[PDB]
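Survey of secondary and tertiary structure
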Amino acid sequence: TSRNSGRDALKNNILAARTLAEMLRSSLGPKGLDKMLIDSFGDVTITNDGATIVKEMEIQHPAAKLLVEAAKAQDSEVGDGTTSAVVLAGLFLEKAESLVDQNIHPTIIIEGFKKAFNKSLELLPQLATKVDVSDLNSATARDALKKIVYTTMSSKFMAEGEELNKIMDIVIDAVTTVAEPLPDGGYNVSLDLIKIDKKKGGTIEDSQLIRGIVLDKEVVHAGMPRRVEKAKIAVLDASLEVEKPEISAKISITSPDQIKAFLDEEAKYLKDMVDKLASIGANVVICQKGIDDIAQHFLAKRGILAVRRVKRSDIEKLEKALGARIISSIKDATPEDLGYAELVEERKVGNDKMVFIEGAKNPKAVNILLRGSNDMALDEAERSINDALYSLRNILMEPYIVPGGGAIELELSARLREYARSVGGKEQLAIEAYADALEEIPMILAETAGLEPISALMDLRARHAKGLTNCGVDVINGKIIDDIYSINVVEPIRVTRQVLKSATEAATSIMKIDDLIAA
Amino acid sequence: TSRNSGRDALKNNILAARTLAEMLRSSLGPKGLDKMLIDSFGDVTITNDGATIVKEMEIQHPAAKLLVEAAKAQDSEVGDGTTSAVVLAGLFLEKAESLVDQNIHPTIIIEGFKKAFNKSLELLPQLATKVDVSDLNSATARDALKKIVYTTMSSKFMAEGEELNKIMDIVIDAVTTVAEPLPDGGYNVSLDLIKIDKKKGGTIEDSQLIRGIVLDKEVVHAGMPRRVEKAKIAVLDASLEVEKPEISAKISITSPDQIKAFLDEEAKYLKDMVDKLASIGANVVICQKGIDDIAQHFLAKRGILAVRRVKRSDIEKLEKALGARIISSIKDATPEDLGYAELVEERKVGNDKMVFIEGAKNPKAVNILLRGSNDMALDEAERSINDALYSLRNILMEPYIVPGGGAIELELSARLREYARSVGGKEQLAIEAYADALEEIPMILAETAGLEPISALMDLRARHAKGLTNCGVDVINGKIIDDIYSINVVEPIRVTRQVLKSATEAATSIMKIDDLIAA
Amino acid sequence: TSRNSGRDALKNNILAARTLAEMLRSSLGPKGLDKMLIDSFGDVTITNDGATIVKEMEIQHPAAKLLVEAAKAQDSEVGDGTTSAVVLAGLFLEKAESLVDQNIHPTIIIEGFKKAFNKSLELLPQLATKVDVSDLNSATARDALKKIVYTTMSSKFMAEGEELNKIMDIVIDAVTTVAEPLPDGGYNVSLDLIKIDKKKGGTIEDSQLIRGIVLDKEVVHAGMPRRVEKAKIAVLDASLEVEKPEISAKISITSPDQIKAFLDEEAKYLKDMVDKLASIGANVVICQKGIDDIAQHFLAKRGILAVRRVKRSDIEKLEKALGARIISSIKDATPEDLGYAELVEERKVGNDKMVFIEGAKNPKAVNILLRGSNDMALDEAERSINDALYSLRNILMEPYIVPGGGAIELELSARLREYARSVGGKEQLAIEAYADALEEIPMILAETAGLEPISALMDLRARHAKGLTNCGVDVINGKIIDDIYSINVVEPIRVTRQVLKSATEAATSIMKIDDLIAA
């Protein structure tokens, strides 16, 4: 029975978190290193994505399992920032151990890091830049939004991609349109109701928006119509297949006429169901479940276009964009649950059939068709559209931008080694150690990119002090570079705020934790 | 065989409680540390709850198994004092081991602790302060109640949170009105008639009391009304399905009409049951089991709003609030078992449907609807309110308050070392060792906060002696502080007196026990 | 090899001294218990003396090897107190270890111990009772002196011994005259110049002082005088045998006549040696080596009373008492190194012959003849005179007495628990632990006498509060008793003060030392 007391556990849980952190940090910055991760059934996985590397890995040390939940939540917000937050938690934790070493006590270290965080939060509206709510209907002149969706793409893929960024910028500007504004001055951004389909056999300039939903599923039957104009769409929850009685019996039959009459009873149940769809005035129908083969014959006879197995995600999207509030009971044929589209057709794209519903009054749910050559350039173009949207949801939900890893971090360190001077007690040691951790940002960027770190740090300090506090480094040209917003490299403020929060919350928790009793 | 002789079992039974204590004292106070408890299924659980961690963990010393049932029982009474009550038992016990070391017979050591305690007990109503029933109406002058609800929130958390304190305070004001007052000078507070439902998608300012009960639960078929005005309520213990006859047989059918004739016989039973309810006068019904589909048609035709699966606790509330005395038997149709509601409707909270019964004469049983943001602040606000209602039930069921955890302890220890002079024999040493035990509380508060315990105690000692007896300690600015009650920090008498009652119980029992025979 | 950190080395050295203290506590006081120490040659040894128990034993813990040197040096001053003195060091030391458990750095404890001891030293002359000067001639009234001498004898034997005591009082009183006095309560006292001879076959009552030296050795050849009046005493460190030629040879002589002439050559050198003595005019001769037969023939012829082989100690006393100055050089015949006696005779005590020099101008050096029955009553009577002379030299060099072991300590212990109240820091904590050690003196003298110690402690605490500070413990009838000087029991202040110096010296020392490097 392994027992523990006496700061013994804290040295074991700092050690696990430092080991997790200094392994994801070789895979941090834009020029860093990808890991390979092999699965139980042998599948190989290469990524530098740091919430993916923990996911693709069985986690053997309990302190490392807690740190992983912090990354998961952060990855839904910023899929780069979530690596960065794990390293930041780690670099916070080894200043916490130095302070323990000096005997400052973990509670006092916890309260001095929180007090450092409070100063950081009243410094992130002053030192940050606010670009305001609207340039001429949210996106005209574009600039500030243009800069963060370019910067994020340039950091997360590197090299040149100017003929990819302009199509992504247009695609982003159309998603920006969906979203609308408040006297909070952010935007209602629903990336949930956004849907992207990628199809071979074109080029990226050949991507387009649809103001309605596109369905991959089959119209399935030869007799059906394949294009509908001024389409009234029923979305149906229930199966288009007959339901058995409450209590019931079956027997084996030879005798072939009574088998034909069982079928003919079941066909007057499907033809009843169809008459109900057609009674509503339904021209299209969408069915979440199967549709029986007889019911498809009668839907084509009434001149009505059916789709089969439409997946769960596509049904919320089809609701929110057309107004179809979705029939529960075929029998009740419910009459106002009918939605509206300008047009509905089956189109071949990339040779695959696809049914496109388009022309929709005020949808929060649109579909983007993403064309390219074969597959690797298309997967890469989806990922680019994803990362750009996630950056857009941070600038939209707060119109503040800030540069990342060069200016802010150094200014926070210098204002804090002025704050800690007005601060007295064994609280000044925690504020000045929190500042030192900020200086551990900055010089690690220059080291992932293969530069000397201690000379880059000293040189950033010396230019920030005798020159100005806006300096940073250019990873693409790989050198120290004056006023980094003038170099056009900026982040949404919500990626800063959220990764400094999830680093001060997680490091506070490994200090806050002592005993361990295991079954 | 395991043997025991010569105070052997007892030294080992003291050892068990001291080793339990020396691990539990680190999560006792409100700068403390979180413990870790790992499942046999690999689920890690980090919490600062120490009475839960002993209850949940296998106990291999029989004298720690005795102490868990008391720890368990006390956690429904209070949530900070029960970790402390466990530690408190040790602190009298390790002064008894010294007395035992000085060869003093265990009867005399017991009898002086009993005397010391009787002296403390006639001093806790005298040094103690009474605020009576009220200062205005029930709760309007709030005062005493404001300090215990703000203090408890502070102990169970210890960080900023005033816009939560006022809202939780309004909930406490609302609950007292329900209570209503006794000639003792208490109130009749019952957590067994209190109900809190928490729902996402707004804020805590959108919390309210309800005069009746809210059922999360389904009102069934679409065809019934979703609101009833001047509702006559049946609560029914049986199913609305047709039960099995007296003597019973199973027959194999493959004729399809003689199965439909069995179903239509069942349908004349269900249409009866529904006619019965409507003869009783009932407009609404609660059915504590399943409802047949045939009967949901018959209820919707007779215009009766039925609700399904209302759990046993909720049912008790519906009885108390509606004057419903509950149909045991539909067959007897029994017609004065009927309650009365001003209205019953289905309403959405946080998008989700919920059935609310409200407008209830002289309601003793209330439903609180707790809106919140997403899940973590809302979950935390439900937990904060629970701990504040349990602290309101302590203050309400005895209108005595005290400045415990600093002042009460130093005043008692100094009164005992005057009492103990006036007593003779080895009984006088038990009274001064009991005094000495009150002194290990208080300074342990100083060690938890990262300060020097022995230096706090000696400084606290002179300041209570030349200064003033209501000296405490502040763990927000981290200092010894004169008049602690004046800084809005007081304790109900009942968390102190009771945990001092069950710790003197625990230490008296472990003194009374010798051999150990196990089969 | 074994390393140490974390306070370990110092904890392990407290344990060695704490075991030594609790092993010497079984031989604490005159009711105590004897140990058995068997030699490697098989001599079995039974004793209660702690300077002897420590000496006969192989000391295997270094801190206890440190403690052996303090016992030795104290044993030169007094022999009962020194048994108490090994325990006293531990008894402070085991309060030092409690203060370390309190986290108190050893430095603070040393400086605090120093301050308890400094308070005790300005109270040990104020609480003390002063006998003053030499109290009329040779202490003629005796009283105080009778009590310090009885107390030491009463302690090292118990029982009666009254008819031994009275003769011992005639011997102390004759010894007191020898002693001669110095300013301000000083004395000149020499037990190194005191010589005791014991002869059997009479009564204790027949013991006497001699104001001259008694020689156990013999006057040699029968032809020498048996009594000499107005003797000129030559003392010779040189043989009265040849001392060999300067440069020489050794051969085998056959030659009978040359054998006689070599023999006659040796005889003229002895006769020379006598003629040098006879030219000085010597009547007695003392030889610390042998005397040749020829030289004894020539000593009888000149009329000279010679003793042969007398030991080195006896010569220092005869030199001082006769005015002699001791010849190594018979050849220089240097006539002023010659001492003077009124008389020298050979005299019978018992059946033994003895040579007595008596009749001495101005002795500060006397010889005592101790007669008794057989042997055991004389050996016990020697031990008693020894122990009594070591107590007398302590009242004589400082004429202050105290009721120590009951009075003095409790009055210090009540002053210190009032003193530590006016005291601050962890220096009050160190003083209140010293006050507690004083309570460990006093009750162990009552557990030894066979009673319960903790009941005895409270009853003296109370006695010192309702009545007066001068009570002590009766172990001869096993009770506590008012005014202990009236029972005839008191210590010389220098036997209490020195054994309390050497315990506060020891315990301070074991606290100042760390680490252990062993080669």
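Residues numbered from 1 in each chain as written, not as in the entry; some residues may be left out. Chains lettered and ligands numbered in written order. Part of a larger assembly, values for the part shown. Heavy atoms only, no water.

Per the PDB entry, chain A goes by Chaperonin alpha subunit and derives from Acidianus tengchongensis. What UniProt records for chain A under Sequence similarities (unreviewed entry) is the sentence "Belongs to the TCP-1 chaperonin family." (UniProt positions renumbered as here; feature names shortened; annotations may be inferred.)

Here the focus is the side chain of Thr152(C). Residues and elements named next belong to chain C. Structurally, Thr152 is set in helix α6 (residues 144–157). Taking the relative accessible area as the measure of exposure, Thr152 reaches 14% and is therefore buried. In this structure the side chain of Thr152 is engaged in a polar contact, spanning 2.8 Å, whose partner is the side chain of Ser391. When neighbours within four sequence positions are excluded, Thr152 is seen to be in contact with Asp387 and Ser391. (Helix = DSSP H or I, 4+ residues; strand = E, 2+ residues; numbered from the N terminus. Buried < 20%, exposed > 50% of the residue type's maximum accessible area, 1.4 Å probe, protein only. Polar contact = N/O pair within 3.5 Å; in protein donor to acceptor, adjacent residues only side chain to side chain. Contact = heavy atoms within 4.5 Å.)

On to the relation of the copies chain C and chain B, then. In screw terms, the move from chain C to chain B is a rotation of 180° and a rise of 0.1 Å along the axis, fitting with an RMSD of 0.8 Å. Taken together, the rotation and translation describe the operation of a two-fold axis. In this assembly, 90% of the residues forming the interface of chain C have copies in chain B that are likewise at the interface, indicating an isologous arrangement. (Least-squares fit on C-alpha atoms.)

Between chain A and chain B, the residue contacts involve 24 residues of the former and 30 residues of the latter. Carbon and sulfur atoms make up 59% of the surface buried where chain A meets chain B, a total of about 2,200 Å² over both sides. Between the two partners, chain A and chain B, sit 3 salt bridges. One salt bridge in this structure joins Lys512(A) and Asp34(B), with 2.8 Å as the shortest N-O distance. If you look at where chain A meets chain B, you find 8 residue pairs in polar contact. Looking at the side of chain A that touches chain B, the elements with two or more residues in it are α3 (62–75), α5 (106–123) and β17 (517–518) of chain A. Looking at the side of chain A that touches chain B, its residues break down into 12 nonpolar, 4 polar and 8 charged. Summarising the sheet, β17(A) and strand β1 (residues 35–38) of chain B pair through 2 bridges and their orientation is parallel. Paired with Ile517(A) across the bridge in β1(B) is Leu37(B). (Buried area = accessible area lost by both parts, 1.4 Å probe. Salt bridge = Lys/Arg side-chain N within 4 Å of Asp/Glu carboxyl O. Nonpolar A, V, L, I, M, F, W, Y, C, P; charged D, E, K, R; others polar. Pairing = 2+ DSSP bridges.)

Once that is clear, we can look at a negative patch on the surface. A cluster of acidic residues, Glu160(C), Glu162(C), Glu163(C), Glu205(C) and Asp206(C), forms a negative patch on the protein surface. Relative to the helices and strands, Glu162(C) is located in helix α7 (residues 162–178). (Patch = residues over 30% accessible without salt bridge, like charges linked within 9 Å, V, L, I, M, F, W, Y side chains within 5 Å. Areas by Shrake-Rupley, 256 points an atom, 1.4 Å probe, with all protein chains shown as cover. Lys, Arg positive; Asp, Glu negative; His and termini not counted. Charge placed at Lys NZ, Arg CZ, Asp CG, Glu CD.)

The next thing to look at is the pairing of strand β11 (residues 305–309) of chain C. Bridge count for strand β10 (residues 284–287) of chain C against β11(C) is 4 bridges, and the pairing is parallel. Bridging across to β11(C), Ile286(C) finds its partner in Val307(C).

Within the structure shown, the criterion is met by 130 salt bridges over all chains. For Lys72(A), the salt bridge is made with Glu69(A), and the minimal N-O distance between the two is 2.7 Å. Here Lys72(A) pairs with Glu69(A), and both are found in helix α3, just 3 residues apart, close to one helical turn. On the basis of relative accessible area, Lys72(A) is assigned to the partly exposed category, the value being 48%. Taking relative accessible area as the criterion, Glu69(A) reaches 46% and is therefore assigned partly exposed. With a closest N to O distance of 2.6 Å, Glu77(A) and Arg393(A) form a salt bridge. Highlighted residues: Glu77(A) in the loop between α3 and α4 (81–101) and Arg393(A) in helix α11 (residues 376–396), separated in sequence by 316 residues. By relative accessible area, which is 14% here, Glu77(A) ends up buried. The class for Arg393(A) is buried, based on a relative accessible area of 17%. Salt bridges sharing common partners tie together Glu22(C), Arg25(C), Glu94(C), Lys95(C), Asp436(C) and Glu440(C).

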